[PDB]
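Enquirer: Requesting a structural model of the entry that follows:
(3 chains, ligands or ions: 7)
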Amino acid sequence: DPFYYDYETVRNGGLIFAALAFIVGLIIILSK
Amino acid sequence: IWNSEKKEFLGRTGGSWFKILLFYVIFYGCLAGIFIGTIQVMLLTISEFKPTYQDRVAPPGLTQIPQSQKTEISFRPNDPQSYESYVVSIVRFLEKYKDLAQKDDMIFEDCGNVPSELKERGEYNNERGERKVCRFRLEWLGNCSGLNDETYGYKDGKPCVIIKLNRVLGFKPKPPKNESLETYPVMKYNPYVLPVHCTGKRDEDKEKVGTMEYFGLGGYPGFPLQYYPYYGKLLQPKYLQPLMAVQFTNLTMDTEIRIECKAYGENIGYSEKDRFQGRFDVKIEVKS
Amino acid sequence: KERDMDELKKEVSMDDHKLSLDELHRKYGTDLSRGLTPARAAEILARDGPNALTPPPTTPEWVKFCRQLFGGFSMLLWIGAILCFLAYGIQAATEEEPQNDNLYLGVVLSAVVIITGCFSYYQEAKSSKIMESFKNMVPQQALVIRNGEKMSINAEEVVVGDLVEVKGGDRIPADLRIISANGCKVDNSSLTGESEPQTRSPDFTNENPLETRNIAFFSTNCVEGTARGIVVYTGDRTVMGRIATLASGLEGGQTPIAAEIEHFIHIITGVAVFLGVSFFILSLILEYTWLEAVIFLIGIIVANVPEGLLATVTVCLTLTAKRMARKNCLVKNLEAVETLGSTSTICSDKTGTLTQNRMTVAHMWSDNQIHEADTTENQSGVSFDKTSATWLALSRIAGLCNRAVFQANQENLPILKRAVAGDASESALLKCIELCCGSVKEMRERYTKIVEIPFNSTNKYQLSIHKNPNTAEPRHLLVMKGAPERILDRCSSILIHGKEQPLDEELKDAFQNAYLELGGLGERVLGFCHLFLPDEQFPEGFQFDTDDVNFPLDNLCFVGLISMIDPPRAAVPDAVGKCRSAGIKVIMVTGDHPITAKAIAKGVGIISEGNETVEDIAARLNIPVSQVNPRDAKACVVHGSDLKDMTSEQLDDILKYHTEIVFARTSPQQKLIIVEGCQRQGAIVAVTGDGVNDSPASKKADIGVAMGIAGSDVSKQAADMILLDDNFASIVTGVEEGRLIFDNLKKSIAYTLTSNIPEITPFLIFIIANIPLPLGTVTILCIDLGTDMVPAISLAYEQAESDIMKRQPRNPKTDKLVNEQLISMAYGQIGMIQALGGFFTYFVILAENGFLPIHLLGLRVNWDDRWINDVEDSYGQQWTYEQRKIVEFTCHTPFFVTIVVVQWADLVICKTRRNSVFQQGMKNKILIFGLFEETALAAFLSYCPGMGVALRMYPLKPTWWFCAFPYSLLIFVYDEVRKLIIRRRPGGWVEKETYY
Ligand SMILES: CC(C)CCC[C@@H](C)[C@H]1CC[C@H]2[C@@H]3CC=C4C[C@@H](O)CC[C@]4(C)[C@H]3CC[C@]12C
Ligand SMILES: C[C@]12CC[C@H](O)C[C@H]1CC[C@@H]1[C@@H]2CC[C@]2(C)[C@@H](c3ccc(=O)oc3)CC[C@]12O
Ligand SMILES: *[C@@H]1O[C@H](CO)[C@@H](O)[C@H](O)[C@H]1NC(C)=O
Ligand SMILES: [K+]
Ligand SMILES: [K+]
Ligand SMILES: [K+]
Ligand SMILES: [Mg+2]
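Expert: Residues are numbered from 1 along each chain as shown, chains lettered A, B, ... in the order given. Ligands and ions are numbered 1, 2, ... in the order given. This is the structure:
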């Protein structure tokens, strides 16, 4: 049905993204 | 009083004002230009037939003729001014449904006097011309709006409210299976019609006081599949969705008893956050 | 009547100091030798008050926390909060939403001000904690004489008018009038600013009680010798007590940053109430009642106030103060990190501030030639030829007549930085000889001291006689030093290259003009001489006593001159170099003598080479001083004498027409009058100092700067900034840091104010066009408080866009922090692009979900209605309440995410006020992180499970992320070409209109 959007894979995608972006930022501000 | 007028300047400093004002007229001009540009492209990304997302309307809502301040009809059987607003809302509601209101056999199609299989008209393309529309006659609701035959207090003695299903484009309602899980004293027409039943309180102890009579199409309490799918305001303007009236006849007068109404089917669902989604709630007190 | 108090206190002092002993003891009711009776002492001690300074009139209780809760900015937010609770109260007129909206918001505002207050209070608390940690008061007992018996008693039991004996090392308990003295030199450095030890004698010398020699002062240390005196002043009645009490009684003005924040605040309130009023009228104009219109007014006015800017600003300032605290520069005050950058004039104390205050040997005269010693602290300079025999004889004579010795604990320590018990001159001499000629101890005991004459206060001749270690000649050796002219009076022979000679007027006047050259060089000059004795007449068993004279004091052999002065601290000349280079006006103010002061000022760069006072011109011109027209002289030295007689207009002319200025022989009150004289001009003034004499001036100055070790306690207390390392070069860093943060502050501010447009406009057109609300309360908070914070703080990590020490200090009247051009930027141009991007995503989402923009108008009425569950979009579909409202809240989310997306661009472009982004580069790491997190959290608010319930924030169809992009890109491009045209055309219209 057209009345079903998958908001679960979207949710999951945005969350994985958040994780990566953040820990990458952590990587940035620690330059060793 | 200092800046307002100074040597060679209007408050604050006014020599160059023309420069700033012109610049902002042009700059804002171009901003508006841009915005309207993007909105235009975005509108070129919008289909002229179907909405690009329907998913937020997925569990259709159950709505009423006399939409009240908060789900509440409270009135005096005697006073004509008591039931004025509701009755008016009914008259303006079903003004569309009058028999002389749909005359044209060009844009109007007379479908069954009995609930029938879903009416599929081509595709949603303009390849087919503007779609025909199934007629709904007021007589299908007896004793409720009754054409010009009674009530006509439209419930004056004892209350009545028309349940209507929300229009959703392309929606094809699937009634519960012939294997039905506890659907209440409903008729056998499950193949061709989406049912609606009402109770005092939802799952809990009720002050349920009442006796009800429903008027649908053909004598079944519900919405016939023959009116669906709804093809949109472009393809089917002058489309009349199904209706079914619910008349409460016996009730306890001076007390407020609460009502829940529900449409059942595989295509129907309900929310605890949305009491108007998939279902219905009405508080009614007839006092005298 | 503390005004009259401060009026009498600003006045320089008087005294009874000139008296005959009979008269003094007549007025004080005392015996000279016997002091007074223990009964009279316990009576006077109980009559007025114990001898000590009344502890500070200060000590505010920790309820001073409340101070950090108002200021001016926390006031803008308090008032905003109050407005929230008001609009909510008005919204209790019906059944209403703000339980999630206006109440929630108001509570949040209050939380912002409270938290901010806690943070800043905590950090300033940290500062005061370390200051009090530095406080060490070791009690010191005064040696008094009562009923004839010398008794060492608590210095707080000392009363007015009783005999007191002080020795070398003894700190002076009270203000004493000197009745008797033997070889007594006291250190007036801290109090009077007199660099060299001022000898103290019972005699009346100078009319001014400070410079007169018969007065000893509270808190000054007797450096050597012994003395006795009657206590003239006790407790606060003392000089340093009147100084300290004058200090505590002053005000620190308004810090320039307080003024800029205030200005900005009148800007933000100005625009907020402008918009709120105009819209109150307009909203009334259409439909809405006084009730709802009032709600609109409040909503707009309050939406116009940046809750986040307070937090972020406190933190920026706090970061800069983290760097200051790392560099050993402590700011007692958090708004005092900036002031240095805006300082157009620095008044500097000389001794113990610019100068080490430590007397050292500069030059010497041996064998007709003037040789320079190495006066540097680490000995990286040059040592001349020590091989000559004359320098040997001289070093012998200098070491042999010294009452200064190395104390018990200095061995490991460097010969210079190590401590010595004795005079200042004798310490400089002792260290010079222990350094250059080998250890003084051996040579001091090699010649056994028989009888010595401690320096007379008159003729200042100090001599001793020793035996002879030399295997050839067992003659008796007599060594004497003193005033060059008196050592020219008593002598005949002179030593050159190891052989004597009589004196001829040629070489005599050669020595005299050499003495005049070194003395005129600012270094005070000490003469040195010796005579062997005719052991035929003065045999080996002969005892020659101090009873009278056993010695020929004439026909001696003069050896050479030794000259000495206190150099600067090492980084001082380069520091003043930098400050003159930045365009700050450097002014010296000292209580010292002008002959030293002028030389020092010439040295450190205050009076540059190639500039002359009227006196120097008249010196080269051979004319009276009043002949030379004073406007032709850039540099000047103003005596303390004239200062008292000068008026306001006279000081104003002197400060206006003279570029490089020095005040000497000036009292602390005259210092405060100087500072106030500079402040009259409208220029921010900074004051750097050492001792208690700098208390009133470093207090009054917009910013005080004290020295953390060699500075006194009251002048640390009166100061708004301390240098713990005592490094003066830190001052330069100060004016650097203060100049930076300003511009950075601007950037930060611009950034946040730029978020106000796309935040506010959702509620504006909501009322106007009657569309369903585009952006909600929680989303807006998620922006101001949630996302923008990290980028906005990161902006403080910006470096210098160009060399900032090359530009003159700002004009406090013209150059403002938040100015009409800034608001022209944030609100006028960029902010608009952000709002547009927002309403784009709004329309994109809505139209894609079935409600076309065309149809979207007037809808709110039916839309925000809870009971209309049949609501027709452009497609003829019907929506219940929660369905469409979910779409509205998933229309709030991507508008918020839009704000993020545009704040990217805005962040990068606010980073650089002038240079292109490809100049300054991206090198800021806190900026990059700011971006990465701000986004990661945004995607977190949208895509976290349970946000739709908790925050009314629901996930975005990934398409939604990409609506906002073109606008952000436009912002980057636009600001980039603007900062392009500004650079290529600094005329300039873009530059007059935009650059902020
Ligand atoms: C300075 C700029 C250009 C930084 C670039 C970052 C862009 C490319 C990143 C930042 C935020 C990101 C999004 C965050 C949420 C996810 C949800 C996921 O299910 C689909 C993709 C999507 C929608 C991402 C696409 C990539 C995205 C838009
Ligand atoms: C609750 C609200 C009442 C007025 C109208 O019915 C619209 C309602 C929804 C939006 C809400 C306003 C109230 C003021 C706001 C918080 C106010 C605001 C917004 C952000 C901010 O920081 O400070 C105030 C402006 C609009 C506002 O967000
Ligand atoms: C309708 O009303 C009439 C009279 O009012 C009554 O006789 C009849 O039973 C009613 N029928 C229904 C279905 O309500
Ligand atoms: K705001
Ligand atoms: K101060
Ligand atoms: K803001
Ligand atoms: Mg000093």
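
Enquirer: Which helix runs longest in chain B?
Expert: Longest helix of chain B, by residue count under DSSP state H: helix B:17-44.

Enquirer: distance of the closest residue to ligand 5 within chain A from residue C:653?
Expert: Closest to ligand 5 within chain A is residue A:29: 37.1 Å, counting by C-beta to the ion. To be clear about C-beta, it is placed using only N, CA and C from the backbone, and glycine gets the same treatment. From residue A:29 across to residue C:653, the span is 56 Å (C-beta to C-beta, to the nearest Å).

Enquirer: cool, residue B:130 as well?
Expert: 96 Å.

Enquirer: Nearest to the middle of chain A, which residue? Look it up for me.
Expert: With distances taken as C-alpha atoms, centre = their mean, residue A:17 lies nearest the centre of chain A, 1.8 Å away.

Enquirer: nearest residue to that residue other than its sequence neighbours?
Expert: residue C:939 (5.5 Å; C-beta to C-beta, 6 or more residues apart in numbering or on different chains).

Enquirer: unless I'm mixing things up, the one you found is touching residue A:18, no?
Expert: Yes - between residue C:939 and residue A:18 there is a contact at 4.7 Å, judged by C-beta atoms under 8 Å.

Enquirer: still on that earlier bit, could you check how many residues crowd around the residue nearest to the residue of chain A closest to ligand 5 when sequence neighbours are not counted?
Expert: Spatial nearest neighbour of residue A:29, chain neighbours left out: residue C:929 (4.4 Å); criterion: C-beta to C-beta, 6+ apart. For residue C:929, the neighbour count with other C-beta atoms under 10 Å in any protein chain shown is 22.

Enquirer: Equivalent analysis for residue C:907, please.
Expert: For residue C:907, using other C-beta under 10 Å, the count is 23.

Enquirer: Please report the distance of residue C:414 from residue C:331.
Expert: 32 Å.

Enquirer: nope, residue B:32 is what I meant
Expert: Residue B:32 is 49 Å from residue C:331, by C-beta to C-beta.

Enquirer: Same question for residue C:669.
Expert: Residue C:669 is 27 Å from residue C:331, by C-beta to C-beta.

Enquirer: Of the two, which one has the most company?
Expert: Using other C-beta under 10 Å as the criterion, residue C:669 and residue C:331 rank with residue C:331 on top: 25 against 21.

Enquirer: who touches that one in this structure?
Expert: C:127, C:321, C:324-325, C:337, C:720-722 (C-beta atoms under 8 Å, 6 or more residues apart in numbering or on different chains).

Enquirer: Could you list the domains of chain C?
Expert: C:1-50+C:130-249, C:67-120+C:250-343+C:729-996, C:344-356+C:568-728, C:357-567 (curated CATH domains).

Enquirer: and what of chain B?
Expert: B:1-46, B:47-288.

Enquirer: can I get the ones you listed in CSV with mean neighbour count and distance to ligand 7?
Expert: Formatted as CSV, the domains of chain B follow (neighbours: other C-beta atoms under 10 Å in any protein chain shown; distance: least, C-beta to the ion, whole Å):
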stretch, mean neighbour count, distance to ligand 7
domain B:1-46, 12, 46
domain B:47-288, 17, 76
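
Enquirer: So what does residue B:214 have for phi and psi?
Expert: phi -100, psi 150 (degrees, to the nearest 10).

Enquirer: and the gap between it and residue B:142?
Expert: From residue B:214 to residue B:142 the distance is 10 Å (C-beta to C-beta).

Enquirer: Residue C:477 now?
Expert: 145 Å.

Enquirer: Next: residue A:6.
Expert: Following C-beta to C-beta, the distance that separates residue A:6 from residue B:142 is 46 Å.

Enquirer: same question, residue C:144
Expert: 122 Å.

Enquirer: could you list every residue that touches residue C:740?
Expert: Taking C-beta under 8 Å, 6+ apart as the test, what residue C:740 contacts is C:320, C:341, C:800, C:804.

Enquirer: Residue C:373 too?
Expert: Residue C:373 neighbours (C-beta under 8 Å, 6+ apart): C:361-364, C:383-384, C:432, C:436.

Enquirer: Let me know the secondary structure of the residue of the stretch 51-200 of chain B at minimum distance from ligand 6.
Expert: Nearest residue of the stretch 51-200 of chain B to ligand 6 (C-beta to the ion) works out as residue B:56 at 31.0 Å. Secondary structure state of residue B:56, per DSSP: H, G, I helix; E, B strand; the rest coil, is helix.

Enquirer: residues touching it, list them.
Expert: So residue B:56 contacts C:849, C:879, C:883-884, C:886-887 (C-beta under 8 Å, 6+ apart).

Enquirer: quick one on the thing from earlier: check which residues of the helix or strand the residue nearest to residue A:17 falls within are buried.
Expert: Using DSSP states H and E, residue C:939 falls within helix C:925-943. Judged by neighbour count using 16 or more other C-beta atoms under 10 Å in any protein chain shown, the buried positions of helix C:925-943 are C:926-943.

Enquirer: go on, stretch C:740-756?
Expert: By 16+ other C-beta under 10 Å, the buried positions in stretch C:740-756 come out as C:740-756.

Enquirer: which one of the contacts of residue C:373 sits closest to residue C:900?
Expert: Nearest to residue C:900 among the contacts of residue C:373, counting by C-beta to C-beta, is residue C:362 at 66.1 Å.

Enquirer: Could you measure from residue C:19 over to residue C:51?
Expert: 22 Å.

Enquirer: okay, these two: which has more neighbours?
Expert: Neighbour comparison, residue C:19 and residue C:51: the larger count goes to residue C:51, with 26 against 16 (by other C-beta under 10 Å).
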